[PDB]
Amino acid sequence: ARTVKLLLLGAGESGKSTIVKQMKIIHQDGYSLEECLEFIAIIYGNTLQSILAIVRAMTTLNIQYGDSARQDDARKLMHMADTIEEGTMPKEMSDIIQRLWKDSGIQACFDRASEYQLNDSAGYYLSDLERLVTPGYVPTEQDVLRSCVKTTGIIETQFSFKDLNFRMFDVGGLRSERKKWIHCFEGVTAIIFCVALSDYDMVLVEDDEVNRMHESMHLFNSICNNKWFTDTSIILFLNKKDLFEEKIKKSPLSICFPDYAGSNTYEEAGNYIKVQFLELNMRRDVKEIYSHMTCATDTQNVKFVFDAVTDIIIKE
Amino acid sequence: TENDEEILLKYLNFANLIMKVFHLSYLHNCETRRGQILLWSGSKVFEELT
Amino acid sequence: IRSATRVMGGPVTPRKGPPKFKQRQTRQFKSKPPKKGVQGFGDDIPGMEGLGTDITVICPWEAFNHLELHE
Amino acid sequence: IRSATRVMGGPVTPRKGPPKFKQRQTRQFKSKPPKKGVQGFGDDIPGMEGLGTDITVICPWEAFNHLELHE
Amino acid sequence: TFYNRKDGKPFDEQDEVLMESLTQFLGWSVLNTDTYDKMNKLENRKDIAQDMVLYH
Amino acid sequence: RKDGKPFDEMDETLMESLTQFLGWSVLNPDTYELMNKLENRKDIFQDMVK
Ligand SMILES: Nc1nc2c(ncn2[C@@H]2O[C@H](COP(=O)(O)OP(=O)(O)OP(=O)(O)O)[C@@H](O)[C@H]2O)c(=O)[nH]1
C-alpha cells in the first residue's frame, strides 16, 4: 500500500526472469504484440547453439553417428555456421539441421544430457524448426515464454494487485554477479528465493566438479539464518517441475543424496527435498518459511499462487 | 616428598587417557588427506597425453 | 559348550529371499550437503566437508556481517 | 595483554645457531626389526610392522610348535 | 576375485573401499598399455618405409 | 599454513608424498615428444617413396 519492495534471487539458470516476464507481459502494461522483433533472433540463436553443442559433445562421448553419410553433414555445418549473420536461418541451415536430427545416433547423445551442458528448452524447439523457417511466422505465447537469455542487470518491475505499489528487483545468478546483491539488501520488506527441482545430477558452469543441489542448499542456508533479514520474511519457489516429473523416474536419488532409500515418485521425494531445504533454518518457531511448486511457462499456476502470496504478504 | 610422587602417579591415569585420544585423531586426520590427494591426482594424470 | 548361541555350523538368519548386489561407483563430486546438528570423532577434516571453497567467495556480503544495514 | 609468557611478536629460544636441513631418503627398505615395548594406540596394522610376508617361510620348522622333543 | 580373509570375519564396508580404489587405479592405468602398442606399430611402419626407400 | 602454527612431521610426509608422485609421473610427457617425432619421421619417409 505505502510501498512494497520485493527481491528475486536464487541459483543461476533457475527461471527467475521467466516469472518477471510471465507477470509483466501477461498482466500489467499489456503483452508485446510485435514479439518477433526480438524473439526471431533469440530463438534462432538458441536453436543453433543447441545443435552445435550436441555435435561438439558427440566426439567427446565417443558415440558414433547412425549412418556414414551423416559424418559429412556436420562438418559442413561447422564450417558454414561461422560466416553467417545473426537472426537468420537460411534453407541451407534448416535442411542440414533437420537431416542431422533425423538420425538414431544423435538420440544416443541426447538421452545422456547430464554430462555436458545444453539449454533445456531446446529439446522442445528444434523438433518444429520448419515452423520457424517458414516466412511470416509469429511465435505463440507458450513459445514466447520458453525463450532463454541471461538475466544480468538490475531491473525494476511494477506489479499491481490489492491496490498496492510494487517494486521488484532481480539480479544475475552467477558468482560474479553476486556482488551486486549488496546494494539492494538494505531496506526491504520481503525476499524471494528460487530453486530448480530438476538439477540433482548436473554441475556448475564455473566449476566442473560441484553439484547444483548442494550449491543451492549452501546458498540458502547463509541468508536464511542471517540477522540482516531477521525482520523480513522469505518466500521459496520451486521451478522446472515438468522436467522433474519426466526425469525423476529415469535416474535414482542416490547420486545426489547418498543415503536415500525407496522408490521415486513425483511426490515421494518432494517432501524429502523440501524438509531437507527447510531444516537449515535455525529459528524453528520464531520465523516461518513457505515454499510452493511452480511451472514458470504456464499461467494457471502463476495466477493460483501469486495472488495467495500477495495476500499472505498483506496479512502481516 | 615421596607421598606426592604417589599422588601424581595415581591421578595421572585420567590424563594419560585424555592426551592419547587427542593424538590418534591427528593421525587419522592426516592419513585421510594423504589417501585423497593421491586418488584425485591419479584421476587427472591419466586423462590425456600432453 | 555350544558357545551360548546353540549354533555350530555357520551363520544363521531369520529371513530368506533373492540376493541383491550393489551398483558400481560411476560419478564423483567434491561437494556434500551442509552439516547436521551433532558431531563426533573424526568429523573436522579439512577438504572433506563443504564445497571446497571458503564461504566468503560464494557469499561476499557475509564478509562484513558484523556491521548492520545502517551504513 | 599479559599473554602469560610476557612475549609477543614471535617465538623466542634459549640459544641460536646455524640452520640444519633434512636429507632425502632413497633406499626405502621394506622390512622392519622385531617389535619390543608396550603397544599403545595406533598399532597392529597388518601390512606394516612385519618382515616379508609370513612367519612360516622364515622358519619352516615353526609349524611343528605344539609337538614335543621325541616326535 | 578375493577368496578368504585371515582374521575369520566376513568382508564388510571398509574392505570394499580398500579393494575398490585399487581396481579403479589399475583400470585407469591402461592408457600406457595402449600407447605402447601404438608406438610399436609406428616403429615398424617407419622401418618398412625406410627399406622401400633404400631399394630405389 | 592456515592455522597459524608451523609445519611439522605430519605435514612434511604429506607434501613429500605429493612431490614423489609428481616426480614419478613425468614419464608421460616424454612419450608425447617421442610420438610427435616418430609420426613426422614416418611421414617424411613415406613421402620420399612417392
Ligand atoms: N521446461 C521448463 N523450463 C523452464 C521452466 N521454468 C523455467 N524454465 C527455463 O528457464 C529458462 C529461463 O531462465 P533464465 O532466463 O536463465 O532466468 P534466471 O532464472 O534468472 O537465470 P539467469 O537468466 O541466468 O539469471 C527458460 O529458457 C526455460 O527453459 C519450467 O517450468 N519448465
# chains A, B, ... in the order shown; residues from 1 in each chain; ligands from 1

$ residues_near_ligand --ligand "ligand 1" --cutoff "9 Å" --atoms "only C-alpha atoms and all ligand atoms" --output "PyMOL selection string"
chain A and resi 8-20+119-122+124+145-153+170-174+194-196+238-244+294-298

$ interface_residues --of "chain B" --to "chain E" --cutoff "10 Å" --atoms "only C-alpha atoms" --output "PyMOL selection string"
chain B and resi 39+42-43+45-49

$ closest_atom_pairs --of "chain F" --to "chain E" --cutoff "7 Å" --atoms "only C-alpha atoms" --output "JSON lines"
{"residue": "F:35", "atom": "CA", "partner": "E:39", "partner_atom": "CA", "distance": 6.9}
{"residue": "F:38", "atom": "CA", "partner": "E:42", "partner_atom": "CA", "distance": 6.9}
{"residue": "F:42", "atom": "CA", "partner": "E:46", "partner_atom": "CA", "distance": 5.0}
{"residue": "F:45", "atom": "CA", "partner": "E:49", "partner_atom": "CA", "distance": 6.0}
{"residue": "F:46", "atom": "CA", "partner": "E:49", "partner_atom": "CA", "distance": 5.8}
{"residue": "F:48", "atom": "CA", "partner": "E:53", "partner_atom": "CA", "distance": 6.9}
{"residue": "F:49", "atom": "CA", "partner": "E:53", "partner_atom": "CA", "distance": 5.6}

$ atom_distance --atom1 "CA of residue 87 (chain A)" --atom2 "CA of residue 51 (chain A)"
15.5 Å

$ atom_distance --atom1 "CA of residue 40 (chain E)" --atom2 "CA of residue 30 (chain F)"
15.9 Å

$ select_by_dssp --residues "chain D" --states "helix (DSSP H, G or I)" --output "PyMOL selection string"
chain D and resi 55-58+60-64

$ calpha_fit_and_write --fixed "chain D" --moving "chain C" --output "CSV table (one decimal) with N, CA and C atoms, in the first residue's frame"
chain,number,residue,atom,x,y,z
C,1,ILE,N,45.9,-9.5,28.4
C,1,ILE,CA,47.0,-8.9,28.9
C,1,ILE,C,48.2,-9.1,28.0
C,2,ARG,N,49.1,-10.0,28.4
C,2,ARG,CA,50.3,-10.3,27.6
C,2,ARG,C,50.4,-11.8,27.4
C,3,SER,N,49.3,-12.5,27.4
C,3,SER,CA,49.2,-14.0,27.1
C,3,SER,C,49.9,-14.9,28.1
C,4,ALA,N,50.4,-14.3,29.2
C,4,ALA,CA,51.0,-15.0,30.3
C,4,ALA,C,52.4,-15.5,30.0
C,5,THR,N,52.9,-15.3,28.8
C,5,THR,CA,54.3,-15.6,28.5
C,5,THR,C,55.2,-14.4,28.3
C,6,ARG,N,54.6,-13.2,28.3
C,6,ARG,CA,55.3,-11.9,28.2
C,6,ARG,C,56.1,-11.7,26.9
C,7,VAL,N,55.7,-12.4,25.9
C,7,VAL,CA,56.3,-12.3,24.5
C,7,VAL,C,55.2,-12.0,23.5
C,8,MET,N,55.4,-11.0,22.7
C,8,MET,CA,54.4,-10.6,21.7
C,8,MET,C,54.9,-10.6,20.3
C,9,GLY,N,56.2,-10.5,20.1
C,9,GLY,CA,56.7,-10.4,18.7
C,9,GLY,C,56.6,-11.8,18.0
C,10,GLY,N,57.3,-12.8,18.4
C,10,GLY,CA,57.3,-14.1,17.8
C,10,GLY,C,57.9,-15.1,18.7
C,11,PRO,N,58.0,-16.4,18.2
C,11,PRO,CA,58.6,-17.4,19.0
C,11,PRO,C,60.1,-17.1,19.4
C,12,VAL,N,60.3,-17.1,20.7
C,12,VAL,CA,61.7,-16.9,21.2
C,12,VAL,C,62.3,-18.3,21.6
C,13,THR,N,63.6,-18.3,21.7
C,13,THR,CA,64.3,-19.6,21.9
C,13,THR,C,65.6,-19.4,22.7
C,14,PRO,N,65.9,-20.3,23.6
C,14,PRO,CA,67.1,-20.1,24.4
C,14,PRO,C,68.4,-20.3,23.6
C,15,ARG,N,68.5,-21.3,22.7
C,15,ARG,CA,69.7,-21.6,22.0
C,15,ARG,C,69.9,-20.7,20.8
C,16,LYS,N,71.2,-20.8,20.3
C,16,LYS,CA,71.5,-20.1,19.0
C,16,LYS,C,72.6,-21.0,18.4
C,17,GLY,N,72.7,-20.9,17.1
C,17,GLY,CA,73.6,-21.7,16.3
C,17,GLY,C,73.3,-21.7,14.8
C,18,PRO,N,74.1,-22.5,14.1
C,18,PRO,CA,73.9,-22.6,12.7
C,18,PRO,C,72.8,-23.6,12.3
C,19,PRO,N,72.0,-23.3,11.3
C,19,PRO,CA,70.9,-24.1,10.9
C,19,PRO,C,71.3,-25.5,10.4
C,20,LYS,N,70.5,-26.5,10.6
C,20,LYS,CA,70.7,-27.8,10.1
C,20,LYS,C,69.5,-28.3,9.3
C,21,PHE,N,69.7,-28.9,8.1
C,21,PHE,CA,68.6,-29.3,7.3
C,21,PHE,C,68.7,-30.8,7.0
C,22,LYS,N,67.6,-31.3,6.6
C,22,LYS,CA,67.4,-32.8,6.5
C,22,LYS,C,67.9,-33.3,5.1
C,23,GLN,N,68.2,-34.6,5.1
C,23,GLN,CA,68.6,-35.3,3.9
C,23,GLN,C,67.4,-35.9,3.2
C,24,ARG,N,67.5,-36.0,1.9
C,24,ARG,CA,66.3,-36.6,1.1
C,24,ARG,C,66.2,-38.1,1.4
C,25,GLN,N,65.1,-38.6,1.0
C,25,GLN,CA,64.8,-40.0,1.2
C,25,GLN,C,65.1,-40.8,0.0
C,26,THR,N,66.2,-41.6,0.0
C,26,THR,CA,66.7,-42.2,-1.2
C,26,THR,C,66.2,-43.6,-1.4
C,27,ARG,N,66.5,-44.5,-0.4
C,27,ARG,CA,66.1,-45.9,-0.6
C,27,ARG,C,65.1,-46.3,0.4
C,28,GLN,N,64.2,-47.2,0.1
C,28,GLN,CA,63.1,-47.7,0.9
C,28,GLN,C,63.1,-49.2,1.0
C,29,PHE,N,62.5,-49.7,2.1
C,29,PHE,CA,62.5,-51.1,2.4
C,29,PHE,C,61.1,-51.5,2.9
C,30,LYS,N,60.7,-52.7,2.8
C,30,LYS,CA,59.5,-53.3,3.3
C,30,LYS,C,59.6,-53.8,4.7
C,31,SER,N,60.8,-53.7,5.3
C,31,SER,CA,61.1,-54.4,6.6
C,31,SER,C,61.2,-53.4,7.7
C,32,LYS,N,60.9,-53.8,8.9
C,32,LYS,CA,61.1,-53.1,10.1
C,32,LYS,C,61.8,-54.0,11.2
C,33,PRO,N,62.5,-53.4,12.2
C,33,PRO,CA,63.0,-54.3,13.2
C,33,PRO,C,61.9,-54.9,14.0
C,34,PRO,N,62.2,-56.1,14.7
C,34,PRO,CA,61.1,-56.7,15.4
C,34,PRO,C,60.6,-55.8,16.5
C,35,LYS,N,59.3,-56.1,16.9
C,35,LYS,CA,58.6,-55.3,17.8
C,35,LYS,C,59.2,-55.2,19.2
C,36,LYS,N,59.0,-54.0,19.9
C,36,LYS,CA,59.4,-53.8,21.2
C,36,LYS,C,58.3,-54.3,22.2
C,37,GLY,N,58.4,-54.0,23.5
C,37,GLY,CA,57.5,-54.6,24.5
C,37,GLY,C,56.1,-54.0,24.5
C,38,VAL,N,56.0,-52.7,24.5
C,38,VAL,CA,54.7,-52.0,24.8
C,38,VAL,C,54.1,-51.4,23.5
C,39,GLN,N,52.8,-51.5,23.4
C,39,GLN,CA,52.1,-51.0,22.2
C,39,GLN,C,51.0,-50.0,22.6
C,40,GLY,N,50.6,-49.1,21.7
C,40,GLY,CA,49.6,-48.2,21.9
C,40,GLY,C,48.6,-48.1,20.7
C,41,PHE,N,47.8,-47.1,20.7
C,41,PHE,CA,46.8,-47.0,19.6
C,41,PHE,C,47.5,-46.9,18.2
C,42,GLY,N,47.0,-47.7,17.3
C,42,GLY,CA,47.4,-47.6,15.9
C,42,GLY,C,48.7,-48.4,15.6
C,43,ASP,N,48.9,-49.5,16.2
C,43,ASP,CA,50.1,-50.3,16.0
C,43,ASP,C,49.8,-51.7,15.7
C,44,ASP,N,48.8,-52.0,14.9
C,44,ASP,CA,48.5,-53.3,14.5
C,44,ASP,C,48.1,-53.5,13.0
C,45,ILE,N,48.5,-52.5,12.2
C,45,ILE,CA,48.0,-52.5,10.8
C,45,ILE,C,48.7,-53.6,10.0
C,46,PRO,N,47.9,-54.4,9.3
C,46,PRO,CA,48.5,-55.5,8.5
C,46,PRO,C,49.4,-54.9,7.4
C,47,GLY,N,50.6,-55.5,7.2
C,47,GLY,CA,51.5,-55.1,6.2
C,47,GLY,C,52.4,-54.0,6.5
C,48,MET,N,52.2,-53.3,7.6
C,48,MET,CA,53.1,-52.3,8.1
C,48,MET,C,54.0,-52.7,9.2
C,49,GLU,N,54.1,-54.0,9.5
C,49,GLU,CA,54.9,-54.6,10.5
C,49,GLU,C,55.4,-55.9,10.1
C,50,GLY,N,56.7,-56.2,10.4
C,50,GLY,CA,57.3,-57.5,10.0
C,50,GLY,C,58.1,-57.5,8.8
C,51,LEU,N,58.1,-58.6,8.1
C,51,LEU,CA,58.9,-58.7,6.8
C,51,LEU,C,58.0,-59.0,5.6
C,52,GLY,N,56.7,-58.8,5.8
C,52,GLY,CA,55.8,-58.9,4.7
C,52,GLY,C,55.3,-60.4,4.4
C,53,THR,N,55.9,-61.3,5.1
C,53,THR,CA,55.5,-62.7,5.0
C,53,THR,C,55.3,-63.3,6.4
C,54,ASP,N,54.5,-64.3,6.5
C,54,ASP,CA,54.2,-65.0,7.7
C,54,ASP,C,55.5,-65.7,8.2
C,55,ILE,N,55.6,-65.8,9.5
C,55,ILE,CA,56.8,-66.4,10.1
C,55,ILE,C,57.0,-67.8,9.8
C,56,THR,N,56.0,-68.5,9.3
C,56,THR,CA,56.1,-69.9,9.0
C,56,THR,C,57.1,-70.2,7.9
C,57,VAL,N,57.0,-69.4,6.8
C,57,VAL,CA,57.9,-69.7,5.6
C,57,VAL,C,59.3,-69.4,6.0
C,58,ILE,N,59.6,-68.4,6.7
C,58,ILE,CA,61.0,-68.1,7.1
C,58,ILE,C,61.5,-69.1,8.1
C,59,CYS,N,60.7,-69.7,8.9
C,59,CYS,CA,61.1,-70.7,10.0
C,59,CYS,C,60.1,-71.8,9.9
C,60,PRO,N,60.3,-72.8,9.0
C,60,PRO,CA,59.4,-73.9,8.8
C,60,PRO,C,59.2,-74.7,10.1
C,61,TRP,N,60.3,-74.9,10.8
C,61,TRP,CA,60.3,-75.8,12.0
C,61,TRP,C,59.3,-75.2,13.0
C,62,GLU,N,59.1,-73.9,13.0
C,62,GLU,CA,58.2,-73.3,14.0
C,62,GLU,C,56.7,-73.7,13.7
C,63,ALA,N,56.4,-74.3,12.6
C,63,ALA,CA,55.1,-74.7,12.3
C,63,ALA,C,54.5,-75.6,13.4
C,64,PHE,N,55.0,-76.8,13.6
C,64,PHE,CA,54.6,-77.7,14.6
C,64,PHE,C,55.4,-77.6,15.9
C,65,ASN,N,55.5,-76.4,16.4
C,65,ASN,CA,56.3,-76.1,17.6
C,65,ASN,C,55.6,-76.6,18.9
C,66,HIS,N,54.3,-77.1,18.7
C,66,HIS,CA,53.6,-77.6,19.9
C,66,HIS,C,54.2,-78.9,20.4
C,67,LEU,N,54.5,-79.8,19.4
C,67,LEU,CA,55.1,-81.1,19.8
C,67,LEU,C,56.5,-81.0,20.0
C,68,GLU,N,57.0,-81.8,21.0
C,68,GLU,CA,58.4,-81.7,21.5
C,68,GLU,C,59.3,-82.6,20.6
C,69,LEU,N,60.6,-82.7,21.0
C,69,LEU,CA,61.6,-83.3,20.3
C,69,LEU,C,61.5,-84.9,20.4
C,70,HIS,N,60.6,-85.4,21.1
C,70,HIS,CA,60.5,-86.9,21.3
C,70,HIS,C,60.3,-87.6,19.9
C,71,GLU,N,59.4,-87.1,19.1
C,71,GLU,CA,59.1,-87.7,17.8
C,71,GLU,C,60.2,-87.5,16.8

$ closest_atom_pairs --of "chain F" --to "chain D" --cutoff "12 Å" --atoms "only C-alpha atoms" --output "tab-separated table"
residue	atom	partner	partner_atom	distance
F:4	CA	D:10	CA	11.5
F:5	CA	D:11	CA	11.1
F:6	CA	D:11	CA	11.0
F:9	CA	D:22	CA	11.5
F:12	CA	D:22	CA	10.7
F:13	CA	D:24	CA	11.4
F:16	CA	D:24	CA	9.5
F:17	CA	D:25	CA	11.7
F:20	CA	D:25	CA	11.0

$ write_last_selection --atoms "N, CA and C atoms" --output "tab-separated table (two decimals), in the first residue's frame"
chain	number	residue	atom	x	y	z
F	4	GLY	N	47.99	-20.83	11.71
F	4	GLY	CA	48.89	-20.01	12.49
F	4	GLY	C	50.05	-20.76	13.11
F	5	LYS	N	50.10	-22.08	12.96
F	5	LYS	CA	51.14	-22.90	13.55
F	5	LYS	C	52.11	-23.41	12.48
F	6	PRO	N	53.36	-23.67	12.85
F	6	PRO	CA	54.37	-24.04	11.85
F	6	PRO	C	54.21	-25.47	11.36
F	9	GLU	N	56.15	-32.75	11.31
F	9	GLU	CA	56.39	-34.03	10.65
F	9	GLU	C	55.20	-34.46	9.79
F	12	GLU	N	55.14	-32.68	6.72
F	12	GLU	CA	56.25	-32.96	5.82
F	12	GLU	C	56.00	-34.22	5.00
F	13	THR	N	55.47	-35.27	5.64
F	13	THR	CA	55.28	-36.52	4.92
F	13	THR	C	54.26	-36.38	3.80
F	16	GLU	N	55.76	-34.51	0.96
F	16	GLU	CA	56.81	-35.30	0.34
F	16	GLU	C	56.24	-36.39	-0.56
F	17	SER	N	55.13	-37.01	-0.14
F	17	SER	CA	54.48	-38.00	-0.99
F	17	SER	C	53.91	-37.36	-2.25
F	20	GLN	N	56.79	-36.81	-4.59
F	20	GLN	CA	57.26	-38.08	-5.13
F	20	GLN	C	56.36	-38.55	-6.27

$ decode --residues "region 2-23 of chain E" --atoms "N, CA, C and O atoms" --output "CSV table (one decimal), in the first residue's frame"
chain,number,residue,atom,x,y,z
E,2,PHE,N,38.7,-62.2,-4.7
E,2,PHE,CA,39.5,-62.4,-3.5
E,2,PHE,C,38.7,-63.4,-2.6
E,2,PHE,O,37.5,-63.3,-2.5
E,3,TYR,N,39.4,-64.4,-2.1
E,3,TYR,CA,38.7,-65.6,-1.7
E,3,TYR,C,38.6,-65.9,-0.2
E,3,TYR,O,37.9,-66.8,0.2
E,4,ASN,N,39.4,-65.2,0.7
E,4,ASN,CA,39.3,-65.5,2.1
E,4,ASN,C,40.1,-64.6,2.9
E,4,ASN,O,41.2,-64.2,2.5
E,5,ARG,N,39.5,-64.1,4.0
E,5,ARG,CA,40.2,-63.3,5.0
E,5,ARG,C,41.0,-64.1,6.0
E,5,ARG,O,40.6,-65.3,6.3
E,6,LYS,N,42.0,-63.5,6.6
E,6,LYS,CA,42.8,-64.2,7.6
E,6,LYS,C,42.3,-64.1,9.0
E,6,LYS,O,42.6,-65.0,9.8
E,7,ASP,N,41.6,-63.1,9.4
E,7,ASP,CA,41.0,-63.0,10.7
E,7,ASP,C,40.0,-64.1,10.9
E,7,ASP,O,40.0,-64.8,12.0
E,8,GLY,N,39.1,-64.2,10.0
E,8,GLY,CA,38.0,-65.2,10.1
E,8,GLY,C,36.6,-64.5,9.9
E,8,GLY,O,35.7,-65.2,9.6
E,9,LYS,N,36.6,-63.2,10.0
E,9,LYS,CA,35.4,-62.4,9.8
E,9,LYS,C,35.1,-62.2,8.3
E,9,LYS,O,36.0,-62.1,7.5
E,10,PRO,N,33.8,-62.0,8.0
E,10,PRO,CA,33.4,-61.7,6.6
E,10,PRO,C,33.8,-60.3,6.2
E,10,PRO,O,34.1,-59.4,7.0
E,11,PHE,N,33.8,-60.1,4.9
E,11,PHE,CA,34.1,-58.8,4.3
E,11,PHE,C,33.0,-57.8,4.7
E,11,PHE,O,31.8,-58.2,4.9
E,12,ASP,N,33.4,-56.6,4.8
E,12,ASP,CA,32.5,-55.5,5.3
E,12,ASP,C,32.7,-54.3,4.5
E,12,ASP,O,33.3,-54.3,3.5
E,13,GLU,N,32.2,-53.1,5.0
E,13,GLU,CA,32.2,-51.9,4.2
E,13,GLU,C,33.6,-51.4,3.9
E,13,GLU,O,33.8,-50.9,2.8
E,14,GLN,N,34.5,-51.4,4.9
E,14,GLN,CA,35.8,-50.8,4.7
E,14,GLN,C,36.6,-51.6,3.6
E,14,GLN,O,37.3,-51.0,2.8
E,15,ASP,N,36.5,-52.9,3.7
E,15,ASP,CA,37.3,-53.7,2.7
E,15,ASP,C,36.8,-53.5,1.3
E,15,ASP,O,37.7,-53.5,0.4
E,16,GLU,N,35.5,-53.2,1.1
E,16,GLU,CA,35.1,-52.9,-0.3
E,16,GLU,C,35.7,-51.6,-0.8
E,16,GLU,O,36.2,-51.6,-2.0
E,17,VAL,N,35.8,-50.6,0.0
E,17,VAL,CA,36.5,-49.4,-0.4
E,17,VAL,C,38.0,-49.6,-0.7
E,17,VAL,O,38.6,-49.2,-1.7
E,18,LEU,N,38.6,-50.3,0.3
E,18,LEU,CA,40.1,-50.6,0.1
E,18,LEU,C,40.4,-51.3,-1.1
E,18,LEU,O,41.3,-51.0,-1.8
E,19,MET,N,39.6,-52.4,-1.5
E,19,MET,CA,39.9,-53.2,-2.6
E,19,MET,C,39.1,-52.7,-3.9
E,19,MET,O,39.3,-53.3,-4.9
E,20,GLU,N,38.4,-51.6,-3.8
E,20,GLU,CA,37.9,-50.9,-5.0
E,20,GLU,C,38.7,-49.7,-5.5
E,20,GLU,O,38.7,-49.5,-6.7
E,21,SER,N,39.4,-49.0,-4.6
E,21,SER,CA,40.3,-48.0,-5.0
E,21,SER,C,41.4,-48.5,-5.9
E,21,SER,O,41.8,-47.9,-6.9
E,22,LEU,N,41.9,-49.7,-5.5
E,22,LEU,CA,43.0,-50.3,-6.2
E,22,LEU,C,42.6,-50.7,-7.6
E,22,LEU,O,43.3,-50.4,-8.6
E,23,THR,N,41.4,-51.3,-7.8
E,23,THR,CA,40.9,-51.6,-9.1
E,23,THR,C,40.6,-50.4,-9.9
E,23,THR,O,40.8,-50.4,-11.2
